[PDB]
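The file input.cif comes next; it holds mmCIF, C-alpha atoms and all ligand atoms.
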```cif
data_entry
loop_
_atom_site.label_atom_id
_atom_site.label_comp_id
_atom_site.auth_asym_id
_atom_site.auth_seq_id
_atom_site.Cartn_x
_atom_site.Cartn_y
_atom_site.Cartn_z
CA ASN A 1 -18.98 1.58 -7.27
CA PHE A 2 -19.21 0.44 -10.84
CA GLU A 3 -21.61 2.36 -13.08
CA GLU A 4 -22.01 -0.60 -15.46
CA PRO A 5 -20.88 -4.24 -15.41
CA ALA A 6 -18.38 -3.54 -18.19
CA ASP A 7 -16.49 -1.23 -15.89
CA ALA A 8 -16.24 -3.91 -13.16
CA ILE A 9 -14.99 -6.36 -15.83
CA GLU A 10 -12.44 -3.92 -17.14
CA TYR A 11 -11.19 -3.16 -13.58
CA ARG A 12 -10.58 -6.80 -12.68
CA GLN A 13 -9.07 -7.62 -16.09
CA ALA A 14 -6.73 -4.68 -15.91
CA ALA A 15 -5.49 -5.71 -12.40
CA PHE A 16 -4.90 -9.34 -13.43
CA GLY A 17 -2.99 -8.25 -16.51
CA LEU A 18 -0.72 -6.19 -14.32
CA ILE A 19 -0.39 -9.10 -11.88
CA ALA A 20 0.57 -11.48 -14.73
CA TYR A 21 3.21 -9.17 -16.12
CA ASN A 22 4.92 -8.69 -12.76
CA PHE A 23 4.48 -12.34 -11.70
CA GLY A 24 5.85 -13.51 -15.04
CA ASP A 25 9.03 -11.54 -14.56
CA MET A 26 9.67 -13.31 -11.25
CA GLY A 27 8.95 -16.56 -13.10
CA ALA A 28 11.52 -15.73 -15.75
CA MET A 29 14.16 -15.16 -13.10
CA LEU A 30 13.39 -18.45 -11.29
CA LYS A 31 13.02 -20.57 -14.51
CA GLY A 32 16.38 -19.24 -15.74
CA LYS A 33 15.14 -17.31 -18.75
CA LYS A 34 16.98 -14.27 -17.20
CA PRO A 35 19.43 -14.05 -14.26
CA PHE A 36 18.03 -13.58 -10.83
CA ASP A 37 18.26 -9.86 -9.87
CA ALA A 38 17.32 -9.43 -6.22
CA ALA A 39 16.47 -5.71 -6.58
CA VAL A 40 14.10 -6.15 -9.51
CA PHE A 41 12.68 -9.34 -8.00
CA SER A 42 11.70 -7.52 -4.84
CA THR A 43 10.00 -4.72 -6.81
CA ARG A 44 8.03 -7.39 -8.74
CA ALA A 45 7.05 -9.21 -5.56
CA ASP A 46 5.96 -5.97 -3.90
CA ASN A 47 3.94 -5.13 -7.01
CA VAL A 48 2.21 -8.51 -7.03
CA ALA A 49 1.39 -8.30 -3.30
CA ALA A 50 -0.15 -4.81 -3.73
CA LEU A 51 -1.95 -5.67 -6.93
CA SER A 52 -3.40 -8.82 -5.41
CA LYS A 53 -5.55 -6.58 -3.17
CA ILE A 54 -7.27 -5.03 -6.26
CA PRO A 55 -9.32 -7.40 -8.48
CA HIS A 56 -11.71 -8.95 -5.95
CA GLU A 57 -13.80 -5.79 -5.88
CA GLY A 58 -14.66 -6.18 -9.57
CA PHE A 59 -16.53 -9.52 -9.16
CA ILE A 60 -19.91 -7.91 -8.71
CA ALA A 61 -23.03 -10.10 -8.62
CA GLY A 62 -23.92 -11.81 -11.85
CA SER A 63 -21.30 -9.96 -14.04
CA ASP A 64 -20.74 -13.08 -16.11
CA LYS A 65 -22.27 -11.54 -19.26
CA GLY A 66 -20.40 -9.95 -22.16
CA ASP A 67 -16.67 -9.72 -22.72
CA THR A 68 -15.44 -11.58 -19.60
CA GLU A 69 -13.71 -14.84 -18.94
CA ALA A 70 -15.37 -15.12 -15.51
CA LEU A 71 -17.66 -18.10 -15.08
CA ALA A 72 -21.18 -18.04 -13.57
CA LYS A 73 -19.77 -20.58 -11.09
CA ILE A 74 -18.07 -17.70 -9.23
CA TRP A 75 -21.45 -16.45 -7.98
CA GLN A 76 -22.81 -20.00 -7.37
CA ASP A 77 -19.93 -20.76 -5.02
CA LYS A 78 -18.79 -17.27 -4.04
CA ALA A 79 -17.43 -18.31 -0.59
CA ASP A 80 -15.04 -20.75 -2.27
CA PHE A 81 -13.94 -18.18 -4.81
CA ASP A 82 -13.41 -15.68 -1.94
CA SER A 83 -11.43 -18.25 0.05
CA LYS A 84 -9.16 -18.75 -2.93
CA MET A 85 -8.77 -15.05 -3.46
CA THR A 86 -7.85 -14.42 0.21
CA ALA A 87 -5.33 -17.30 0.09
CA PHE A 88 -3.84 -15.79 -3.07
CA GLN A 89 -3.43 -12.40 -1.36
CA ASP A 90 -1.82 -14.05 1.64
CA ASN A 91 0.53 -16.04 -0.62
CA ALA A 92 1.52 -12.96 -2.53
CA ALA A 93 2.28 -11.12 0.74
CA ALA A 94 4.48 -14.10 1.86
CA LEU A 95 6.34 -13.95 -1.47
CA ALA A 96 7.00 -10.22 -0.93
CA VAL A 97 8.39 -10.99 2.57
CA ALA A 98 10.56 -13.83 1.21
CA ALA A 99 11.95 -11.49 -1.50
CA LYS A 100 13.35 -9.20 1.25
CA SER A 101 15.87 -11.89 2.29
CA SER A 102 18.52 -13.89 0.47
CA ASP A 103 17.19 -17.47 1.08
CA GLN A 104 16.45 -18.76 -2.45
CA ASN A 105 14.65 -21.96 -1.36
CA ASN A 106 12.20 -19.77 0.60
CA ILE A 107 11.59 -17.50 -2.42
CA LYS A 108 11.16 -20.44 -4.75
CA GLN A 109 8.60 -22.10 -2.47
CA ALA A 110 6.66 -18.86 -1.90
CA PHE A 111 6.54 -18.29 -5.67
CA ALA A 112 5.29 -21.85 -6.28
CA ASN A 113 2.53 -21.45 -3.66
CA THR A 114 1.42 -18.16 -5.27
CA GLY A 115 1.47 -19.76 -8.74
CA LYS A 116 -0.72 -22.58 -7.51
CA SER A 117 -3.28 -19.99 -6.47
CA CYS A 118 -3.55 -18.77 -10.04
CA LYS A 119 -3.97 -22.22 -11.50
CA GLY A 120 -6.39 -23.48 -8.87
CA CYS A 121 -8.73 -20.55 -9.26
CA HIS A 122 -8.59 -20.47 -13.08
CA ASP A 123 -9.32 -24.19 -13.30
CA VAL A 124 -12.66 -23.72 -11.57
CA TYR A 125 -13.69 -20.11 -12.21
CA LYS A 126 -12.21 -18.92 -15.54
CA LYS A 127 -13.05 -19.90 -19.06
CA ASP A 128 -10.56 -22.20 -20.66
CA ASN B 1 9.74 -6.91 -20.94
CA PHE B 2 7.07 -5.88 -23.48
CA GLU B 3 6.58 -8.27 -26.30
CA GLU B 4 5.31 -5.35 -28.49
CA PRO B 5 4.95 -1.55 -27.95
CA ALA B 6 1.18 -1.85 -27.85
CA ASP B 7 1.71 -3.91 -24.73
CA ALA B 8 3.61 -1.10 -23.00
CA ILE B 9 0.78 1.27 -23.75
CA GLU B 10 -1.88 -1.11 -22.55
CA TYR B 11 0.15 -1.72 -19.36
CA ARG B 12 0.44 1.99 -18.43
CA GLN B 13 -3.23 2.68 -19.38
CA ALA B 14 -4.44 -0.25 -17.24
CA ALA B 15 -2.47 1.13 -14.26
CA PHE B 16 -3.80 4.63 -14.67
CA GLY B 17 -7.31 3.35 -14.80
CA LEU B 18 -6.86 1.54 -11.52
CA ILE B 19 -5.30 4.66 -9.99
CA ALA B 20 -8.29 6.75 -11.20
CA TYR B 21 -10.84 4.34 -9.74
CA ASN B 22 -9.25 4.40 -6.32
CA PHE B 23 -8.41 8.08 -6.27
CA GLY B 24 -11.94 8.87 -7.52
CA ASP B 25 -13.52 6.90 -4.73
CA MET B 26 -11.46 8.75 -2.19
CA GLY B 27 -12.46 12.11 -3.74
CA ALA B 28 -16.18 11.08 -3.72
CA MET B 29 -15.97 10.49 0.01
CA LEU B 30 -14.24 13.88 0.62
CA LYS B 31 -16.77 15.69 -1.61
CA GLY B 32 -19.94 14.32 -0.03
CA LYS B 33 -20.88 12.05 -2.91
CA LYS B 34 -20.74 8.78 -0.98
CA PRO B 35 -20.51 7.75 2.64
CA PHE B 36 -17.11 8.36 4.24
CA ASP B 37 -15.31 5.27 5.60
CA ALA B 38 -11.87 6.02 6.98
CA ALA B 39 -10.65 2.43 6.69
CA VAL B 40 -11.67 2.17 3.04
CA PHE B 41 -10.26 5.62 2.35
CA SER B 42 -6.94 4.54 3.91
CA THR B 43 -6.68 1.28 2.00
CA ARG B 44 -7.50 3.16 -1.22
CA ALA B 45 -4.72 5.54 -0.44
CA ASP B 46 -2.39 2.56 0.03
CA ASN B 47 -3.68 1.22 -3.37
CA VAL B 48 -2.86 4.55 -5.00
CA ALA B 49 0.57 4.76 -3.45
CA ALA B 50 1.41 1.19 -4.71
CA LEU B 51 -0.18 1.76 -8.11
CA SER B 52 1.68 4.98 -8.60
CA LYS B 53 4.85 3.00 -9.01
CA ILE B 54 3.43 0.84 -11.87
CA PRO B 55 2.83 2.94 -15.06
CA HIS B 56 6.27 4.53 -15.54
CA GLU B 57 7.70 1.21 -16.89
CA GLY B 58 5.35 1.45 -19.87
CA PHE B 59 6.82 4.73 -21.23
CA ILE B 60 9.23 3.09 -23.63
CA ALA B 61 10.89 4.91 -26.50
CA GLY B 62 8.73 5.14 -29.66
CA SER B 63 5.45 4.54 -27.80
CA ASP B 64 4.11 7.93 -28.70
CA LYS B 65 2.98 5.92 -31.76
CA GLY B 66 -0.03 3.68 -31.26
CA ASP B 67 -3.41 3.93 -29.56
CA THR B 68 -2.19 6.35 -26.84
CA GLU B 69 -2.77 9.77 -25.33
CA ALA B 70 0.87 10.12 -24.42
CA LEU B 71 2.58 13.02 -26.15
CA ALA B 72 5.93 12.76 -27.94
CA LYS B 73 7.08 15.51 -25.51
CA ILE B 74 7.57 12.84 -22.82
CA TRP B 75 10.63 11.54 -24.60
CA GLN B 76 12.09 14.94 -25.38
CA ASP B 77 11.89 15.98 -21.75
CA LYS B 78 12.09 12.57 -20.01
CA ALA B 79 14.02 14.05 -17.06
CA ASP B 80 11.13 16.35 -16.33
CA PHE B 81 8.63 13.55 -16.86
CA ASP B 82 10.54 11.28 -14.47
CA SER B 83 10.79 14.12 -11.87
CA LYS B 84 6.99 14.55 -12.04
CA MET B 85 6.46 10.78 -11.83
CA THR B 86 8.69 10.36 -8.80
CA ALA B 87 7.06 13.31 -7.16
CA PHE B 88 3.73 11.66 -7.76
CA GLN B 89 4.95 8.42 -6.14
CA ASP B 90 6.12 10.55 -3.20
CA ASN B 91 2.86 12.48 -2.85
CA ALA B 92 0.79 9.30 -3.12
CA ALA B 93 2.88 7.82 -0.30
CA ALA B 94 2.26 11.05 1.68
CA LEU B 95 -1.47 10.76 1.16
CA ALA B 96 -1.38 7.19 2.38
CA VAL B 97 0.42 8.40 5.56
CA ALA B 98 -2.11 11.22 6.04
CA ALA B 99 -4.93 8.72 5.69
CA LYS B 100 -3.70 6.86 8.76
CA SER B 101 -4.74 9.87 10.93
CA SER B 102 -8.11 11.51 11.53
CA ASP B 103 -6.72 15.00 10.72
CA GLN B 104 -9.27 15.91 8.08
CA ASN B 105 -7.56 19.22 7.15
CA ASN B 106 -4.25 17.46 6.53
CA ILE B 107 -5.97 14.67 4.50
CA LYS B 108 -7.84 17.22 2.32
CA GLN B 109 -4.57 19.03 1.60
CA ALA B 110 -2.68 15.77 0.90
CA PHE B 111 -5.47 14.74 -1.50
CA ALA B 112 -5.20 18.13 -3.26
CA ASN B 113 -1.43 17.82 -3.45
CA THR B 114 -1.81 14.42 -5.19
CA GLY B 115 -4.54 15.80 -7.52
CA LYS B 116 -2.28 18.65 -8.56
CA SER B 117 0.35 16.21 -9.68
CA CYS B 118 -2.12 14.37 -11.90
CA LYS B 119 -3.14 17.59 -13.50
CA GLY B 120 0.37 18.99 -13.71
CA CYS B 121 1.52 15.99 -15.63
CA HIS B 122 -1.47 15.72 -17.89
CA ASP B 123 -1.22 19.42 -18.78
CA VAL B 124 2.28 18.91 -20.19
CA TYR B 125 2.41 15.26 -21.36
CA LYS B 126 -1.10 14.00 -22.21
CA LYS B 127 -3.34 14.88 -25.15
CA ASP B 128 -6.38 16.99 -24.41
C1 LIG C 201 -9.46 -16.44 -8.28
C2 LIG C 201 -9.40 -16.43 -6.76
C3 LIG C 201 -8.21 -16.06 -9.05
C4 LIG C 201 -6.89 -16.02 -8.68
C5 LIG C 201 -6.25 -16.41 -7.35
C6 LIG C 201 -6.15 -15.56 -9.78
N1 LIG C 201 -6.98 -15.36 -10.86
FE1 LIG C 201 -6.42 -14.72 -12.76
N2 LIG C 201 -8.38 -14.42 -13.17
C7 LIG C 201 -9.44 -14.89 -12.47
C8 LIG C 201 -10.64 -14.71 -13.22
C9 LIG C 201 -11.98 -15.13 -12.77
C10 LIG C 201 -10.33 -14.06 -14.38
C11 LIG C 201 -11.28 -13.56 -15.46
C12 LIG C 201 -11.58 -12.05 -15.30
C13 LIG C 201 -12.52 -11.51 -16.38
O1 LIG C 201 -13.48 -10.76 -16.08
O2 LIG C 201 -12.25 -11.85 -17.58
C14 LIG C 201 -8.93 -13.93 -14.33
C15 LIG C 201 -8.16 -13.35 -15.36
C16 LIG C 201 -6.77 -13.31 -15.50
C17 LIG C 201 -6.01 -12.84 -16.59
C18 LIG C 201 -6.52 -12.23 -17.85
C19 LIG C 201 -6.81 -10.73 -17.68
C20 LIG C 201 -7.29 -10.07 -18.94
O3 LIG C 201 -6.48 -9.41 -19.64
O4 LIG C 201 -8.49 -10.24 -19.26
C21 LIG C 201 -4.70 -13.03 -16.30
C22 LIG C 201 -3.52 -12.68 -17.15
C23 LIG C 201 -4.69 -13.63 -15.02
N3 LIG C 201 -5.96 -13.79 -14.54
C24 LIG C 201 -3.53 -14.02 -14.31
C25 LIG C 201 -3.43 -14.43 -12.96
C26 LIG C 201 -2.19 -14.76 -12.30
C27 LIG C 201 -0.83 -14.73 -12.92
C28 LIG C 201 -2.52 -15.15 -11.02
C29 LIG C 201 -1.62 -15.61 -9.89
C30 LIG C 201 -0.34 -14.81 -9.64
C31 LIG C 201 -3.96 -15.08 -10.99
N4 LIG C 201 -4.51 -14.64 -12.16
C32 LIG C 201 -4.72 -15.42 -9.87
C33 LIG C 201 -9.38 -15.45 -11.20
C34 LIG C 201 -8.22 -15.63 -10.42
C1 LIG C 202 2.92 11.95 -15.37
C2 LIG C 202 4.11 11.98 -14.46
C3 LIG C 202 1.59 11.52 -14.85
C4 LIG C 202 1.05 11.59 -13.57
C5 LIG C 202 1.69 12.12 -12.28
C6 LIG C 202 -0.26 11.10 -13.63
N1 LIG C 202 -0.57 10.70 -14.92
FE1 LIG C 202 -2.43 10.07 -15.67
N2 LIG C 202 -1.55 9.69 -17.52
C7 LIG C 202 -0.38 10.14 -17.95
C8 LIG C 202 -0.19 9.94 -19.35
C9 LIG C 202 0.98 10.30 -20.17
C10 LIG C 202 -1.29 9.23 -19.75
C11 LIG C 202 -1.53 8.65 -21.10
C12 LIG C 202 -1.25 7.15 -21.18
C13 LIG C 202 -1.50 6.55 -22.58
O1 LIG C 202 -0.61 5.81 -23.02
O2 LIG C 202 -2.57 6.93 -23.17
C14 LIG C 202 -2.14 9.14 -18.62
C15 LIG C 202 -3.44 8.56 -18.59
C16 LIG C 202 -4.38 8.52 -17.56
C17 LIG C 202 -5.67 7.97 -17.62
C18 LIG C 202 -6.30 7.29 -18.85
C19 LIG C 202 -5.95 5.79 -18.86
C20 LIG C 202 -6.62 5.04 -20.00
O3 LIG C 202 -7.57 4.28 -19.73
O4 LIG C 202 -6.17 5.18 -21.14
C21 LIG C 202 -6.22 8.17 -16.40
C22 LIG C 202 -7.60 7.80 -15.96
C23 LIG C 202 -5.23 8.84 -15.61
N3 LIG C 202 -4.12 9.04 -16.34
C24 LIG C 202 -5.39 9.28 -14.27
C25 LIG C 202 -4.41 9.78 -13.34
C26 LIG C 202 -4.68 10.15 -12.01
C27 LIG C 202 -5.98 10.12 -11.31
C28 LIG C 202 -3.47 10.61 -11.59
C29 LIG C 202 -3.09 11.16 -10.23
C30 LIG C 202 -3.72 10.46 -9.04
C31 LIG C 202 -2.54 10.54 -12.62
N4 LIG C 202 -3.13 10.02 -13.73
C32 LIG C 202 -1.20 10.96 -12.63
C33 LIG C 202 0.58 10.75 -17.08
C34 LIG C 202 0.52 10.96 -15.64
#
```
Could you write out this file's structure as C-alpha cells?
Ligand code: HEC
Ligand code: HEC
Amino acid sequence: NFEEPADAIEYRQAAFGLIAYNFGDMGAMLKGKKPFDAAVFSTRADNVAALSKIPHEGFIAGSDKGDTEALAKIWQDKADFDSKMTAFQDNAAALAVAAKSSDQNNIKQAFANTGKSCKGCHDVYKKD
Amino acid sequence: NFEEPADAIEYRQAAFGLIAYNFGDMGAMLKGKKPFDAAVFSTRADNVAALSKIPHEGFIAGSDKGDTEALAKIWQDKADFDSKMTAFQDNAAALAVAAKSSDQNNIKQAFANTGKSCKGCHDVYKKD
C-alpha cells in the first residue's frame, strides 16, 4: 500500500513515536516520576495495545535505505522479527487487560514484559 | 507531557497521518480501487476508531505557532473543536461496529458519516 519506501518508513516511525509517548507515561507512573492515576493509566495502556497493531505493516521488503533506523537484518531474519512483533502485541494487550483491574503487581509485571519487547527487538533490529 | 510545543504538533500530525492511511485504504476498497477484504476493512476501522482518540492531546495552548496547519481558531472556539473531535471518535466507533456486518449500504453510509467529520473539522480549523 505504500507508494514509495519513504512512506512505509514514515508510517512505522510515526506509530512507534506514538507508542513511546504513551508507554513512557505509564513508565513515569510506575517509576514514581508522577503519581499513579488509574484512569489515565488505562487510557495509555489501551492506546499502546491499539497502536501496537500498526507498525508491522510498514516493514516492507528491503526498506532499509534512506532515513530509517531499521536494520537490513530485519529482512534476513524476518520470521524472528515477526515473532518478536507478535509477542509485543500480545504483551501490550495483556497490559491493557491488567490496567482494567486494581492489582498493581499484575500491572507492574505486564509493563515489564512489554518493555522487554522493546529492548529485545531494538537490540537486534534497530540502529544503535 | 510534551517536552516542547513542537512535540505536541508532531504527535497530532503523526496520529492524523496514521488515521489517513487506514481510512484511505478503507475508502479505496469501497471505491473499487483495490480488492475488497472485509476482515482487513474491519481491522482498519478498529484502527481508525482507536487512532481517533490520539490527536486531541496534542492541541495545547499556543501551538498555533510552529510548523502546523492548525488554525488559531481552535483555541478561540475550543468547545466547538472538542465537540467535533468527540463526535469524530463516536463516528469512528460507529464505523467499526458497521464493519462487523456485511450490510454494505450501512457501511457505505457509516464511512460517509466519518468522512464528513474530517471535512467538517478541516473546513473550520485547518489551513487550506
Ligand atoms: C520489533 C519487533 C520492535 C518492537 C517490539 C518495538 N520496536 Fe521500536 N522500533 C523498531 C524498529 C525496527 C524501529 C526503527 C523504525 C524506522 O524505520 O526507523 C523502531 C523505532 C522506534 C522509535 C523511533 C521512532 C521514530 O521517531 O523514528 C521509538 C521511539 C520506538 N521504536 C519505541 C518503541 C517502544 C517504546 C517499544 C515497546 C513499548 C517498541 N519500540 C517496540 C522495532 C521494534
Ligand atoms: C477536528 C475535530 C478534526 C477531525 C475530526 C479530523 N481532523 Fe484531520 N486535522 C485536523 C487539524 C487541526 C489538523 C492539523 C494538524 C497540524 O498540527 O498541522 C489535521 C491534519 C490532518 C492531516 C495532516 C497530518 C500531517 O501529516 O501533518 C491528515 C492527513 C488528516 N488530518 C486527516 C484526517 C482524516 C482522514 C480525518 C477523518 C477520518 C480527520 N483528519 C479528522 C483536525 C481534524
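Separating CA of residue 20 in chain A from CA of residue 83 in chain B is a distance of 27.7 Å.
CA of residue 50 in chain B is found 22.2 Å from CA of residue 103 in chain B.
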Study note, to complete from the structure: Here atom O1 of ligand LIG 201 (chain C) and CA of residue 12 in chain A stand apart by 6.0 Å
**Study point:** Interface, chain B side, toward chain A (12 Å; only C-alpha atoms) as an NGL selection string
**Key:** :B and (1-3 or 7-8 or 10-22 or 24-26 or 28-29 or 33-35 or 43-55 or 57-58)
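Environment of ligand LIG 202 (chain C), defined as every protein or nucleic acid residue with an atom within 7 Å of it and counting all atoms listed in the file, comprises residues 9, 12, 13, 14, 16, 17, 19, 20, 23, 68, 69, 70, 71, 81, 82, 84, 85, 88, 114, 115, 117, 118, 119, 121, 122, 125 and 126 of chain B.
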With all atoms of range 33-46 of chain B from the file as input, state the centre and edge lengths in Å to one decimal of the axis-aligned box that has 5 Å extra on each side, as lines of an AutoDock Vina configuration file.
```
center_x = -11.6
center_y = 6.7
center_z = 2.0
size_x = 28.5
size_y = 20.8
size_z = 19.9
```
Practice item. Within 7 Å of residue 100 in chain A, counting only C-alpha atoms, which residues show up once you throw out same-chain ones fewer than 3 positions away? Write them as a PyMOL selection string, please. Key: chain A and resi 42+96-97
In file coordinates, which residues lie within 9 Å of (6.1, 9.3, -30.1) using only C-alpha atoms, given as a PDB file with C-alpha atoms, in the frame of the given file?
```
ATOM      1  CA  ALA B  61      10.890   4.910 -26.500  1.00  0.00           C
ATOM      2  CA  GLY B  62       8.730   5.140 -29.660  1.00  0.00           C
ATOM      3  CA  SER B  63       5.450   4.540 -27.800  1.00  0.00           C
ATOM      4  CA  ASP B  64       4.110   7.930 -28.700  1.00  0.00           C
ATOM      5  CA  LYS B  65       2.980   5.920 -31.760  1.00  0.00           C
ATOM      6  CA  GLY B  66      -0.030   3.680 -31.260  1.00  0.00           C
ATOM      7  CA  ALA B  70       0.870  10.120 -24.420  1.00  0.00           C
ATOM      8  CA  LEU B  71       2.580  13.020 -26.150  1.00  0.00           C
ATOM      9  CA  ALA B  72       5.930  12.760 -27.940  1.00  0.00           C
ATOM     10  CA  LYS B  73       7.080  15.510 -25.510  1.00  0.00           C
ATOM     11  CA  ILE B  74       7.570  12.840 -22.820  1.00  0.00           C
ATOM     12  CA  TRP B  75      10.630  11.540 -24.600  1.00  0.00           C
TER      13      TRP B  75
END
```
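Closest approach to residue 92 in chain B among B:4, B:32, B:116, B:80: B:116, based on all atoms listed in the file.
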